[PDB]
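In: pasting the first chains of the complex, positions unchanged:
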Amino acid sequence: XXXXXXXXXXXXXXXXXXXXXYXXXXXXXXXXXXXXXXXXXXXXXXXXXXXXXXXXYXXXXXXXXXXXXXXXXXXXXXXXXXXXXXXXXXXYXXXXXXXXXXXXX
Amino acid sequence: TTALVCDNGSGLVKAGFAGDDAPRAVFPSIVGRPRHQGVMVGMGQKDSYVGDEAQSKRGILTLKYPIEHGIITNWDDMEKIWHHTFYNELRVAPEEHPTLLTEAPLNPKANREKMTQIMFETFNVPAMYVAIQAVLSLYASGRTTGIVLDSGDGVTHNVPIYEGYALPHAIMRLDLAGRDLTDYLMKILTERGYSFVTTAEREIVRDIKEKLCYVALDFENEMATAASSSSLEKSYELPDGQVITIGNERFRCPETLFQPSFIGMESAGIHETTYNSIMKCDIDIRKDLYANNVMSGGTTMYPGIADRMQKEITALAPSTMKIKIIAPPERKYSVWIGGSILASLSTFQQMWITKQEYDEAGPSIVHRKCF
Amino acid sequence: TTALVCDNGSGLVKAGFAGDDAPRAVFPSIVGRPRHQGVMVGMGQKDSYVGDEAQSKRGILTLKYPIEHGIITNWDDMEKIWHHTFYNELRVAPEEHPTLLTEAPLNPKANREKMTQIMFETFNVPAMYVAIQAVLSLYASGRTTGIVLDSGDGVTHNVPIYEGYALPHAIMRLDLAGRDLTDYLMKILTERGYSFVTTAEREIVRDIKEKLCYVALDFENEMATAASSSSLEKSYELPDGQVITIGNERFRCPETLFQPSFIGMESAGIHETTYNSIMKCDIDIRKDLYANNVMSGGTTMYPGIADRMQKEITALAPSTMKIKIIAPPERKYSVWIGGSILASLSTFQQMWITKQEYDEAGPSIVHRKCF
């Protein structure tokens, strides 16, 4: 005969009982604006990467420092000098012989 | 001051100060509203009900269940729950303490962002944190390595944690939690066909899951006993009304976890998930995890799970290597217990979010700052 | 007669006669079986399904995926696939032609030995060959030198080939292929948390990888735009059902190739692998390979890879020397195309295995006779 509390309460209830609408309205709508950060979880990623690859790890030291390798008046070259002195035949023998042989009494 | 933790792992909701052994009291996180014209005019109409208050009143109330699949579905309902729990049980004011939040892992950002937004704005509260279940589960269980299964009301977990670190690739996440299982129960139970469906009626099943269930040791052999015997069959009352008596229909329910055909999905189940998720994780660690295996909360309550678990891993493992599982007494509280420990140590003073950041940067803060 | 080539590089499976420009048709190599009681008795039950037939039927079927990591996992499934493809598409009888097989390099002998065993016994077939992907990739791309990256469904490759020769020490082999990447996608996607896991559901992702992805030019800067802009964000339907809309979550996926933390392993990634694998190979050759750089198949499909590739090599190379990459139109077919060329030249009449050897010596024959 009417539209009533009774019918209106019916609508109220069904509304309360209807899960699909209210849950969809909150969850589905809120799903879309989900995310903005430079994640710290990704900080782990970057750091690991830093630890990861030889091209950073080896090259940072080895290109930089193995650039400049050397200076010495080699002890090995001391060997060469000594040997050449020992084996400059023309120096020792002919100096000694010229010195002595000139004197004839 | 002092530090306070809410568990909103779904099902009954757990809240308590740091350092008490067990939370002060516990609430289902039911929310319910009137269903019928209010016809005692003498009655005060209150339009929303929560907690054991609702748990008494249920019959004319009807339930909404504010967490689906560990993601909290509808905010204002949460706000009712949350507000009620603080003021009515805790007699606590939001300024008074840091508050600690307990999260399903690997699940959509929104729960983080709004949770923090509400709790810094609606309540205004010194410090906030969100922590992943397994971490707490380890701290309480006190083995720095492990793998955890904790299947609550909501989404069910495997995380290996090695001592001091996460293996987030490792992790598996499943919607098999006890709620959905329980709703499967009815589709069994109508076979005997004492039968009822409404929200309150569905929670009535929860009691039966308390009393009458136990885990199949072996499924075929149990069926053979089912042909032989009635000890499988026990007699139980309605919460009020009838005596009801239940056959294999009791033990068959948990089997769903081992064989999730019966409400049908494919992920090959808890145990095969576990061994899968290990074999994902790397080679050397494995023995420790084979040693240290830890379980908690809603599903684990069932008698017998640990045995069939051992049967399953002994199936899939090369038998050569040690296997065992832990089944602590306190499992249903475990999470919040671990949270209490987590709250206790001064390092969180280094670690909490503070209001200041929330001033100076958005909800975005969380997702960097916490795991 | 005439000569025929199967591609069983995993993913869709490619088959065609020598000298056609492109294979006649192509099949996913899905295999799937029923999941549910068959309840139209009017229906004929067929218990196994493959190919676009399955691709239609999927929903109640569930998938097995018969190639893990380029090694073919389970023989009888292969036999279904293989048998089906010949008879149903090709209308070809096994005696009729030589058949040519396409292999991940440097991977376990068993696939060679059983593949040949089956195909000489189960089918009886004039001539068999197994060829390494990169070789075909060069022939089709037609530069006798090169280095190849082709990352299919399955295990992902670097081989330098110098003109006319192999450098087998040089070679690097990685399990990073698009399949595993795709399964990582879901662990991203649940952040927005429109979320689904089952086999068919996982293949649904493949479409999104078709449409919505593109490669990060620079990761930080892209994130800065992510804070600025929504052009990063596009709106896409379920194959049926909803509209879905995806943020940085699209472009973030390919980055895994450059930074394989996100499903975490260490091998420092494609680009660093490439420069590593060169610097393994010897000194004089290098310039040519720096010039001639070639890519194909599953991953390469993404827009933009070539640019960041150039950025990476220009990072690691001494800039002084030339760098470029090739990005041919046809990459996804490339392998089989090269195979067609490989089949064409009469020298394989010198080169095929014949039935006679298989009579007179075992499967052992292969491993001498082919690379």
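Out: On my side now, so go ahead. Residues are numbered from 1 along each chain as shown, chains lettered A, B, ... in the order given.
In: show me where the stretch 1-150 of chain B has its helices.
Out: With helices called from DSSP state H, counting those that start in this stretch, the stretch 1-150 of chain B shows them at B:51-57, B:75-84, B:109-121, B:133-141.
In: flag every residue of the stretch 101-250 of chain B that's near chain A.
Out: Remark: the part of the stretch 101-250 of chain B in contact with chain A comprises B:108, B:109, B:110, B:113, B:114, B:168, using C-beta under 8 Å from any C-beta of the partner chain. Quick note: C-beta positions are derived from backbone N, CA and C, even for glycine.
In: widest-spaced pair of those?
Out: Taking C-beta to C-beta as the measure, these span a maximum distance of 22.9 Å, between B:114 and B:168.
In: Provide a list of residues in contact with residue B:162.
Out: By C-beta atoms under 8 Å, 6 or more residues apart in numbering or on different chains, residue B:162 lies in contact with B:145, B:285, B:288, B:289.
In: max pairwise distance over those: which two?
Out: Longest distance between any two of the contacts of residue B:162 is 8.0 Å, between B:145 and B:285; criterion C-beta to C-beta.
In: OK, contacts around the closest residue to residue B:170 other than its chain neighbours?
Out: Of all residues not flanking residue B:170 in the chain, residue B:281 sits nearest, at 4.5 Å (C-beta to C-beta, 6 or more residues apart in numbering or on different chains). Taking C-beta under 8 Å, 6+ apart, we find residue B:281 in contact with B:160, B:167, B:169, B:170, B:289.
In: isn't the fourth one right up against residue B:277?
Out: This means residue B:170. Yes - taking C-beta atoms under 8 Å as the definition, residue B:170 is a contact partner of residue B:277 at 5.7 Å.
In: what touches both of these two?
Out: With C-beta under 8 Å, 6+ apart as the test, residue B:170 and residue B:277 both reach B:158, B:160.
In: secondary structure element for the residue in the stretch 201-350 of chain B positioned nearest to chain A, which one?
Out: At 13.3 Å from chain A, residue B:202 is the closest residue in the stretch 201-350 of chain B, using C-beta to the nearest C-beta. Counting by DSSP states H and E, the element that carries residue B:202 is helix B:199-211.
In: list the buried residues in that helix.
Out: B:199, B:200, B:202, B:203, B:205, B:206, B:208, B:209 (16 or more other C-beta atoms under 10 Å in any protein chain shown).
In: sequence below should go in as chain D:
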Amino acid sequence: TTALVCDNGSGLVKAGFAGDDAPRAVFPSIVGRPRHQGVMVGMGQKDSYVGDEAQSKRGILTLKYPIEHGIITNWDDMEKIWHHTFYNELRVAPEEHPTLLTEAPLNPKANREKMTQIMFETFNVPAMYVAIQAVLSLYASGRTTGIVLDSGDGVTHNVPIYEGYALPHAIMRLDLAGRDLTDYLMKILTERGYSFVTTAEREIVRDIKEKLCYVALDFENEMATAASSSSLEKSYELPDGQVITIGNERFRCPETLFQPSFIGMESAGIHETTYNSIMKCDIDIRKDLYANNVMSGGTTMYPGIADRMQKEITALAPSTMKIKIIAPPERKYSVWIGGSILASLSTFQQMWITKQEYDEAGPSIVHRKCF
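Out: Let me add chain D to what's already shown:
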């Protein structure tokens, strides 16, 4: 006071006082760092790990290996290693003793100059010396003449020493050491295709090189037995997890030393290197060296090397003249043992560098003062 020697021949690192028979303890010279978010907040995060401490912890750590090819790659890592070893094992303070350093011969000056620079500055230490491996190897082995092969983790050596003198032209230096060999092992092993690549996973191979290897007496004949027999095949566990069983793939590995195709280089190999390097050295001496032939360390550990060595030299020598080799029990310690002797004799008091020179002249001092 007393005199102390570090071995930093790569691989495990050896340190001990003069006159003990064997060093107090030994450390891999692994260095490793975290790979994953540290998620027990209860854990103290320590960011760097070395030594058996790391050797336990490995799985989440990932390795850097601080010596490539006997040249120490990255200084601060060394400093960690070095510092740790002194303080933690030795309980020794840098002022307390001279310290003695053990060097690959004929390799770039930088390792000398920085090593000394650090150890005089960062530590401040009474006396420093750098000595070439072969010299120590002789002293310990106690034959004043000889030729030495000692192939460690790092670059692999031939030096003839005649009694009391060097023949530095004679010397040959090769990157074939066991590390690179081991990494070749995996490219074999994936044929059987139980297969794993990461740093920790690579060290897992080292154990297999301990247990399962032995040297080919004759390569063809062994292959013939491979066709005949399974005694060639043995069954072995993962360090944890599976049983694994390995064919010719065990013995094939060492053959690389005799035939370095398999990871391919040309220098015609150990044995031909040896006879080459003799025939370089002068004519009269040769018989003695043919008599006195001495081997040590990492590669020599394998059973059987000495036999095939004799086969090779008997091939290349005119058979007329004596040949034998020494295979002492202690080879893996040998270097440090000899170092201990080297430290003992008072003549090094004449010989050490002292701080005073380092004051009065630069790092340049070393390169004159030591060999």
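In: back to the contacts of residue B:162, now that we've got chain D?
Out: By C-beta under 8 Å, 6+ apart, residue B:162 lies in contact with B:145, B:285, B:288, B:289, D:36, D:59, D:60.
In: so it bridges to which residues?
Out: residue B:165 (DSSP bridges).
In: quickly check: stretch B:362-369 near chain D or not.
Out: No - Stretch B:362-369 is not in contact with chain D by C-beta under 8 Å from any C-beta; minimum separation 12.1 Å.
In: quick one on the thing from earlier: can you tell me what sits against the helix holding residue B:202?
Out: For helix B:199-211, contacts defined as C-beta under 8 Å, 6+ apart pick out B:28, B:30, B:32, B:58-59, B:61-65, B:178, B:182-183, B:185-186, B:189, B:196, B:236, B:238-239, B:246, B:250, B:253, B:301.
In: in strands, which of those residues fall?
Out: Mapping these onto strands (DSSP state E) picks out B:32, B:62, B:63, B:64, B:236, B:246.
In: circling back: let's see the helix holding residue B:202 as PDB, backbone CA atoms only.
Out: Taking C-alpha atoms only, helix B:199-211 is exported to PDB below (Å, rounded to 0.1, in the frame of the first residue of the first chain):
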ATOM      1  CA  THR B 199      27.400 -15.800   8.500                       C
ATOM      2  CA  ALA B 200      26.800 -16.600  12.100                       C
ATOM      3  CA  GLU B 201      26.000 -20.200  11.100                       C
ATOM      4  CA  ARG B 202      29.400 -20.300   9.400                       C
ATOM      5  CA  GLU B 203      31.200 -19.200  12.500                       C
ATOM      6  CA  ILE B 204      29.400 -22.000  14.400                       C
ATOM      7  CA  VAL B 205      31.500 -24.300  12.400                       C
ATOM      8  CA  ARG B 206      34.700 -22.800  13.900                       C
ATOM      9  CA  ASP B 207      33.800 -24.500  17.200                       C
ATOM     10  CA  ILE B 208      33.600 -27.900  15.500                       C
ATOM     11  CA  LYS B 209      37.000 -27.200  13.900                       C
ATOM     12  CA  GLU B 210      38.200 -26.700  17.400                       C
ATOM     13  CA  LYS B 211      36.800 -29.800  19.000                       C
END
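In: which other residues reach the next helix-or-strand element following it?
Out: Next in sequence after helix B:199-211, counting helices and strands by DSSP H and E, comes helix B:219-228. Identification of contacts with helix B:219-228 by C-beta under 8 Å, 6+ apart yields B:216, B:231, B:232, B:247, B:248, B:251, B:255, B:258, B:259.
In: as chain E, please add this:
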Amino acid sequence: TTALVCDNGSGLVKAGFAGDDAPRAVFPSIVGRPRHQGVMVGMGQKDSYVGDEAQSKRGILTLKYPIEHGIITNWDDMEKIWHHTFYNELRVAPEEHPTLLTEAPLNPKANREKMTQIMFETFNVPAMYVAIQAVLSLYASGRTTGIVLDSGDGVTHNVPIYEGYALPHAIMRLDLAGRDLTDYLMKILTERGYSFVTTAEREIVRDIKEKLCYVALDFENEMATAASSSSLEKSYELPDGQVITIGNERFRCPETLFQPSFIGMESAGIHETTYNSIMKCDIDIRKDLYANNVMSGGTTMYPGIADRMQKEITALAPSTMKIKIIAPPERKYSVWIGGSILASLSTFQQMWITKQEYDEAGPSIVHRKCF
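Out: So, slotting chain E in with the rest:
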């Protein structure tokens, strides 16, 4: 007809008709063969390579070097070289001309006897001659007296020739040629330790010997500048790949000639050899040779040799008497140029061997007929 000369003084190989000013083209006398499985089946496999063809292809080829110490080591390789050079460059047929051969003096008969045997039999060729380097060097340099130093790839020479005659007792013969020097270079270069050993890698050094070397004027004083200055240091690229920068290590190399310790031998070196070898030769002649002093080919290319030469002879000579040296522009071609003159004059029609003798008497013919 017309008369044709091969230079097989080792290093690049020089060939040209009589009376052209300079040979038509020039070839290294590299020979090289494949090193790796040939894996483009499209490629034609050719199994042997020579000449700039090889010089391009090198990287996968590996070198044999067919002349050690001016004695040609392995005949069939020579035959490849020789055959190739005639047919491919020269477009010449063996009947067509006499051919003229260029020899290290005072070295084993076998090279004479087989060279002739091959060239009369394998090729059949009108006339053959073998001539000693110094003779040609004089004719080209056009001073009938002299002393010659020409140190090629191969064994390094002093012959005084007086006008019109030999003093074969006078002659000195040394294995110090640029090849061995170059291989010493690497044992220097690893001090800076950009370091590479394989055959092709060794030839890469040859380029550096072209560009970066110059001769020490005074060794000590240069070292003093080495302490002072970096002009001693220059920056140079890999043939492809890196920039490389080289210290005293450039100039130190040639010093080996003056002090052959550094790859150690005793013969007291070039200059002392020269003065020794004079003072062997008789008394009256000497002034002329002191005046007429002539140098050519491989080593002489270095800037500066002549100056230190003058310093050395002014050291050893009684200063009273004239000294000078010749450093012609064309030295690297000189030998073949002189050969061209040698070929031109009709008197060789009197002088050639002819086929007839080879018919009527053996290889023995040569050793009478030529020097």
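In: the contacts of residue B:162 again please, chain E included this time.
Out: By C-beta under 8 Å, 6+ apart, the contact list for residue B:162 reads B:145, B:285, B:288, B:289, D:36, D:59, D:60.
In: what about it, distance to residue C:366?
Out: Going from residue B:162 to residue C:366 by C-beta to C-beta, to the nearest Å gives 43 Å.
In: residue B:174 now?
Out: For residue B:174, the distance to residue C:366 - C-beta to C-beta - is 44 Å.
In: same question, residue B:139
Out: In terms of C-beta to C-beta, residue B:139 sits 56 Å off from residue C:366.
In: so which bits of stretch B:116-124 are buried?
Out: Buried, per 16+ other C-beta under 10 Å, within stretch B:116-124: B:116, B:119, B:120, B:123.
In: for the last one, list the residues it contacts.
Out: Under the criterion of C-beta under 8 Å, 6+ apart, the contact list for residue B:123 reads B:86, B:94, B:99.
In: just curious, which of these is nearest to chain D?
Out: The closest of those to chain D turns out to be residue B:99 (C-beta to the nearest C-beta; 17.2 Å).
In: does the residue positioned nearest the centre of chain B sit in a helix or strand, and which one?
Out: Centroid check for chain B by C-alpha atoms, centre = their mean gives residue B:152 as the closest residue, at 2.2 Å. Residue B:152 belongs to no helix or strand when assigned by DSSP H and E.
In: look up how far chain D lies from it.
Out: 20 Å (C-beta to the nearest C-beta, to the nearest Å).
In: number of nearby residues for the nearest residue to residue B:38 once chain neighbours are set aside?
Out: Nearest residue to residue B:38, sequence neighbours excluded (C-beta to C-beta, 6+ apart): residue B:45, at 5.0 Å. The number of residues packed near residue B:45 is 8, by other C-beta atoms under 10 Å in any protein chain shown.
In: same question for the one 5 residues further on.
Out: Residues near residue B:50, counting by other C-beta under 10 Å, number 23.
In: my guess is it contacts residue B:27. True?
Out: Yes - taking contacts as C-beta under 8 Å, residue B:50 lies within contact range of residue B:27: 7.0 Å.
In: what do those two both touch?
Out: Residues touching both residue B:50 and residue B:27 (C-beta under 8 Å, 6+ apart) are B:81, B:84.
In: now do the same contact list for residue B:317.
Out: For residue B:317, the contacting residues are B:275, B:290, B:323, by C-beta under 8 Å, 6+ apart.
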